[PDB]
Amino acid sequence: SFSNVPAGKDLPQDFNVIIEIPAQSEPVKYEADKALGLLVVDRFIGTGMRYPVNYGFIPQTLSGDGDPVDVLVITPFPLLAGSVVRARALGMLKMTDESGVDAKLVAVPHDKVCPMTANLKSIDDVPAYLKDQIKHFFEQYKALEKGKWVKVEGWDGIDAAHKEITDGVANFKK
């Protein structure tokens, strides 16, 4: 299932995201297991906080933290866990956590998939309230898990996101 999904049709700008956690879903963290082909319950979020947007990853990538590149996907309705969406980048949230330096990409679907998000051209177009909610979420969601912490550094743009994707694809292939 998940192991054979291509990273993208035209990398780094046209990529695929496998959704693990739908926007506003009950506060349970799922992770795709490529060895099993199934979603695995990773943990119940200690704070009970919910992801404000859909969350997943780009298959066939390997980031600096040893996991695939993570992506937040903004949509008008939450997406199905375990589904795949063709996406494009808006920017990224830069942070550091227990696993090391971490970044989360921010994306929306391909314009033909989601005409509703077509006017979001970069992270600057995302409403301030939603960016603030995403930052707050990452700063606070691990507050009740011992030995885990998150410091948010700031936002970066589409170019930074593309570098993350290209690096991830290359790292995966050895």
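Here, rigid core means the biggest group of C-alpha atoms that superpose within 1.5 Å across both forms. Residue numbers here begin at 1 and follow the sequence given.
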property	result
Higher-deviation stretch (C-alpha RMS, rigid core fit) in 5 other deposited structures of this protein, choosing from 43-51 and 132-140	43-51
Higher C-alpha RMS shift from the shown form in 5 other deposited structures of this protein - 141-149 or 61-69, rigid core fit	141-149
Mean C-alpha temperature factor, higher of 144-152 and 103-111	144-152
Residue 59 CA temperature factor, ranked by third within the chain	lowest
Residue 116 by Cα B-factor - lowest, middle or highest third of the modelled chain	lowest
Residue 29 - which third its CA temperature factor falls in, relative to the rest of the chain	middle
